[PDB]
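1. Enclosed are the sequence and the experimentally obtained structure.
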Amino acid sequence: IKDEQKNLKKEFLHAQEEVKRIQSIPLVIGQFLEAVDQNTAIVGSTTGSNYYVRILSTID
Amino acid sequence: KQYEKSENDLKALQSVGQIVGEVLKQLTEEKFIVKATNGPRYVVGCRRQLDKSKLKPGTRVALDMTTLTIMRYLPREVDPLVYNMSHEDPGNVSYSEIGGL
Amino acid sequence: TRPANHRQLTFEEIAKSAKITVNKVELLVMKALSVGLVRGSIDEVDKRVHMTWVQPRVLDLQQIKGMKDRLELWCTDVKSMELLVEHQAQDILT
Amino acid sequence: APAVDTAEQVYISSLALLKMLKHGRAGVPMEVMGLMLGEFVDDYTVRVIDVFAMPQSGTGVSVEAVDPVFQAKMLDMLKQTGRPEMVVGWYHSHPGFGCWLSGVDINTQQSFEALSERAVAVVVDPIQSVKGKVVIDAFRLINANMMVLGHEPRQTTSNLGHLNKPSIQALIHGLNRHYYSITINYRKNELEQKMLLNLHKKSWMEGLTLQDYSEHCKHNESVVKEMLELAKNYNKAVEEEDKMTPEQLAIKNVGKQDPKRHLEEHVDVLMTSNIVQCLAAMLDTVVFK
Amino acid sequence: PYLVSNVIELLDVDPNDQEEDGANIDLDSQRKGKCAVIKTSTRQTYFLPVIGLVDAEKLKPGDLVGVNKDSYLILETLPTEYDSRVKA
Amino acid sequence: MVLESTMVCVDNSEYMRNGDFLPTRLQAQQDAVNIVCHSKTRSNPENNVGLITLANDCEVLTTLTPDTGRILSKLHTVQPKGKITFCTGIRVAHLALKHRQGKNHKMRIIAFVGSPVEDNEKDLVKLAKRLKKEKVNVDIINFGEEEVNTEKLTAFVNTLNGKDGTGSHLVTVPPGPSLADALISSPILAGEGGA
Amino acid sequence: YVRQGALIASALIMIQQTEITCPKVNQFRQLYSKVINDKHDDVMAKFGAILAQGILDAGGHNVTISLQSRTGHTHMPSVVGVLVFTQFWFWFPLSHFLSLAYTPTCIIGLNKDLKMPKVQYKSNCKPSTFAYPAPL
Amino acid sequence: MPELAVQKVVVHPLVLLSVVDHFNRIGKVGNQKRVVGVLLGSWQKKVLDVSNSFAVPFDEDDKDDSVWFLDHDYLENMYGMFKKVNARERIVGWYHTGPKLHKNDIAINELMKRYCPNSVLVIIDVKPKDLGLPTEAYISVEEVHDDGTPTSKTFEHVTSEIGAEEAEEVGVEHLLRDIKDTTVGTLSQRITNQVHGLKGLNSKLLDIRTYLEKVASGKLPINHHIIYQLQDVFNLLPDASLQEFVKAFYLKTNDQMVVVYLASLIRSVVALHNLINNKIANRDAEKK
Amino acid sequence: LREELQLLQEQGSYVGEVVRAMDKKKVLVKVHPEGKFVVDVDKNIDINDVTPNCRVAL
């Protein structure tokens, strides 16, 4: 379990890198309309489409 | 001559008619807010082969459509309406509308 | 050529060698820096001219010998040091 | 026929996988297609070794693109090199359609099938190659007589038998009416890994490098100033906090995460800069000397 | 198919020479040939790579041109064309 | 010739500089090589032809192709200060067999010797015996060597020839004026089998 | 993929463990037959569900797979069979090998002419708590 | 012919993998007889992006390095096909599979220059060279040395690095069954890099010394640049100063320790008395 | 986080509005700027589970 935990640390970074691509551009701009929850939220975009969106952990 | 022209033409054919935009606010080099001409305002990046001073707000810039990143600097632009207005002037008189006045 | 460990030179060395007065050497040393044979600063009150840098020179008899000596000192240190760096910090080392 | 058509679990190598993703990507929305070189063993194992591509067009996949001339031409090159490969199947990319096989794509697959009985059809999504998830599927055509008598679970026997759902919408509906989708495995080799892992000669000295005092000082200044602001918060925080559950302590002390944890985070960032500098500082001087 | 558009301005940048904006990202999906800025009748704008064979330099601001829907290229020129009111 | 892949050797020698083959033998060899391509195709069309220069640190000019145009592009650059190295060209045909177009075809080298041989005789007689087992034979066109000395080349061909399914021959065209057209005499129609 | 592996593993334990010794046996038995009749599940999953059925029910509720041998090292035909069994994805006929694992569970005492009889041995259990598994 | 359109050469992971894979495909040669193949990649850029490579059957002997076979015909025919794939794919130069360059390589280079508009000889190795770059890029240059050598055609190095493309980069991660303890993104990775750094320096450092010996005796021609650069390294030397760390890391950690311990102190009496009643309950509960 | 790579891909998710539910066992939702769409009843709704003028997640 000790060596395992160290192993798992390396996985977190690998994973962080992979996700990062998805995370960047194409990125549309909304306004933060309201919060349904603190895991999914509602944001309203600038072509008028309102969206049901997931919150990606890389912010608070 | 035709070889060079067609090879350059294939590169035009795979390449789309990328979104034109304007810089609403430059927060930093890596995050620029743009007003795209399709409608929705986007967060775009920049390539490092550009100077950020040129790209600053109120200036037209090219945007990508493949990635949503600022492609390059475009000089400020004026409408075709303004061209009709800039062209016209002739039928003039030398100096005076009426002499002695 | 001669110092690996230091790079500073006294004036007095030049002075005796040349058999030219002390007053002149300080002035000669200033010309030396201006040509770009050496770059550095001169500290008069310590009686040293310190070289930050030495100009490349085309292959010389003295030269080739010094380079080898300095490479040898360098190999040996890097092997000693490698053991220290590896020896400590066990838990991140994988 | 249900009595000899089984699905082909495709082992895709690095040379094919990378080639297909790149080719589609540059062409977009012009779609690219091609024949796949590989070898066929088992009655179900296809390894896709390598690919070359057919003519791109602005309408994408069509009948016009597929000619026997291109293929025939390639085969002559295969002899000359002394490569043996037979044709395993064909590929295409759809940025302009989903994973569902377009009406021109089925026509093109039928011709290719006449040449190699065991033929596979691959959708590539060049667009998705930009993001960190890539979704691509391989398929095999199913015969009209096969469906009625056999039904589509007959392709599933004597092989891996994973049947894919690429979301809902057109993609799934088109799948069901057209083909059987079968899974992807990656072929790998130890040698192949070793190439990938390799970095730079230059990184060897990079770590060693003595981080400027100037830059360090910028970091040091940055760290002490955040710490002072937080220090206050830390001071009020300790008066309470008689209870466990650290998240509750975070709401109380105000904001996400404890102020004790914020101070540590800053101490640690400085610690990392310091670690490279001090180690490097002695290390450099001794070794060159 | 081909859309109908007007020419806003002329930039040009020669056939895939550019300002050296080419990176390790595609040069069939970034680099443009000798190019023309067009404002289209949809009420959008597209900066587009024109055909390498008949260059962007030839088309001046004020033309009414066809452009390709898929990937934008100016194939040829169309005379003054608008509506049935304009036809009279 | 007939289901055979052949490598054709053109000389680089000082002897090419002569006026005996008009205007010069260097330029003449271009006419000659196109005769060799055209003759082989005439007999049966199922064969391939190549061209090697033994100039400098020996370079393959062009590999097996049915196309006469490819060979001819490559022949104009040639080293007129070089010299023929008979031994090395054989080696280039050996390498060719593993990976060539027409892998399953027979093996032959047709070589011009427009100048005396440079590579030691003993080494070459011995080389022939190895060559017989793999089943490649060398046919030598001789007009350069004969003037100076007796045909050394004869020995090479004799030992070489066994069972191969392809034969060899020593064809002599005269050292004087006969132009490129002399190539007709060669085993590009005079060839026989070994089996 | 998880479903196929979990469900096969369950089957191996349940052999001669009954409905009146765990409720699990009722849930598992019912689930096998449901999958074959329905088409609700994906076909990948069903392959695992159906093999697991034959194992649990095996031999008319009369056969078990042993823990070990009579003493020491793990039963010799049993281990092999199972090893090869687990891989069935590439090739379906590999599942057959599970017959070798099945050995009938009878303790046998004999007559002096040495042939099967029905002699008795005492076992301390309750007949309200163990009985042969009830069919599907 | 020009060798111009290069100041940098980046090479994809695709390039290396293609050469090991292709060795089996052709003939199972395995660097018994060195192979040269075409190097494919982009053009109309200052930087050279080597997108791709394919093998050409080239056998060079081990009796002799002046004799080779190079299959010309393949190059012209492969030319038209490259456009079907993409119109950014043209012949940039050639590859050598190593283990090292030759003098012979100048001659191989003259043939390849006719096709290319920007020929370069990049040695991609079938064996990865160390944990460093498995590729070195070189360009043919006409230069004199003040060693008393008149005009030579030789290979002088141009800076090599490894690059990637957006499509390709993603695909690499999926394929990989390694997790990377050499990622170099963070402190954990960074400490490994320092240990390796010292080892890297040593491997490089030995070569420099043998080169100096060869010039001295065991006569080897002096490349003037190398000697000029060597002397520069020794002159910059100074001695070390300061750098240290504070007691602060500990303080925070201790803070966490107090909070739990206070919660523990109230809970203790409750939790410890109750244990005996629950313990008894458990044993009986378990049976049913 | 590893799994999150796969999870994030979809064809998006929106906030729509139910103009009316219909007793035909399909439901009419209009996305905010884009026209009307008829979609089937899900498992997660039926017609007593969506009633007129309900903004919904999609």
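-> Alright, I've got the coordinates. Numbering: from 1, shown residues only, chains lettered A, B, ... in the order given.

2. going forward, measure contacts and count neighbours with C-alpha atoms only.
-> Noted.

3. in chain A, what residue is nearest chain D?
-> residue A:22 (4.5 Å; CA to the nearest CA).

4. How much space separates that residue from chain C?
-> The spacing between residue A:22 and chain C, counted by CA to the nearest CA, to the nearest Å, is 30 Å.

5. ok but that residue is inside a strand, no?
-> No - under DSSP: H, G, I helix; E, B strand; the rest coil, residue A:22 sits outside any strand and is assigned helix.

6. What is the burial count for it?
-> Neighbour count for residue A:22, taken as other CA atoms under 10 Å in any protein chain shown: 18.

7. and stretch F:173-192, how far out from the chain's middle?
-> 12 Å (CA atoms, centre = their mean, to the nearest Å).

8. now do stretch G:26-39
-> 16 Å.

9. For it, give me every contacting residue.
-> G:19, G:41, G:46, G:49-50, G:52-53, G:56, G:136 (CA atoms under 8 Å, 6 or more residues apart in numbering or on different chains).

10. Name the member of those residues with the most neighbours.
-> residue G:56 leads these on contacts (other CA under 10 Å) with 26 neighbours.

11. quick one: it from residue G:97, how far?
-> Remark: distance between residue G:56 and residue G:97 (CA to CA, to the nearest Å) = 15 Å.

12. didn't residue D:208 look like it was pressed against residue D:275?
-> No - using CA atoms under 8 Å, residue D:208 makes no contact with residue D:275, being 11.1 Å away.

13. Which one's more surrounded, these two?
-> residue D:208 (22 against 17).

14. coming back round to it: check contacts around the residue of chain A closest to chain D.
-> Per CA under 8 Å, 6+ apart, neighbours of residue A:22: D:130-133.

15. is any part of the longest helix seen in chain H close to chain G?
-> The longest helix of chain H (DSSP state H) is helix H:248-287. No - remark: helix H:248-287 sits outside contact range of chain G, by CA under 8 Å from any CA of the partner chain, the gap being at least 12.9 Å.

16. quick one: secondary structure of residue I:23?
-> Under three-state DSSP, residue I:23 comes out as coil.

17. three-state assignment of the closest residue to it other than its chain neighbours?
-> Residue nearest to residue I:23 in three dimensions, not counting chain neighbours: residue I:47, with 6.8 Å by CA to CA, 6 or more residues apart in numbering or on different chains. Three-state call for residue I:47 (three-state DSSP): coil.

18. what's around residue I:47, how many residues?
-> 15.

19. Hmm, residue I:28 and it touching each other?
-> No - using CA under 8 Å as the test, residue I:47 is too far from residue I:28 to be in contact (11.1 Å).

20. Go through the contacts of stretch G:26-39 and name the one nearest residue I:33.
-> Among the contacts of stretch G:26-39, residue G:41 lies closest to residue I:33 (CA to CA), at 38.0 Å.

21. nearest residue to the closest one other than its sequence neighbours?
-> residue G:35 (7.2 Å).

22. just to revisit the earlier point, go through the contacts of residue A:22 and say which is closest to chain F.
-> Proximity of those to chain F (CA to the nearest CA) peaks at residue D:130, which lies at 39.3 Å.

23. That closest one contacts residue A:21, correct?
-> Yes - Residue D:130 lies in contact with residue A:21 (CA under 8 Å); the separation is 7.3 Å.

24. neighbour-wise, which of these two wins?
-> residue D:130 (24 against 18).

25. Mind jotting down where the helices sit in chain I?
-> I:4-8.

26. residues of stretch F:6-18 that come out buried?
-> F:6-17 (16 or more other CA atoms under 10 Å in any protein chain shown).

27. Against chain I, how distant is the closest residue to chain F within chain E?
-> The nearest approach of chain E to chain F comes at residue E:53, 30.2 Å away (CA to the nearest CA). Using CA to the nearest CA, one gets 39 Å for the distance from residue E:53 to chain I.

28. and if you look at residue H:135?
-> 32 Å.

29. quick one: which of the contacts of residue A:22 is nearest to residue B:3?
-> So of the contacts of residue A:22, ranked by how close each gets to residue B:3 (CA to CA), first place is residue D:130, at 31.5 Å.

30. which ones are touching that closest one?
-> Taking CA under 8 Å, 6+ apart as the test, what residue D:130 contacts is A:21-22, H:166-167, H:170.

31. And those residues, which two are furthest apart?
-> A:22 and H:167 (12.9 Å).
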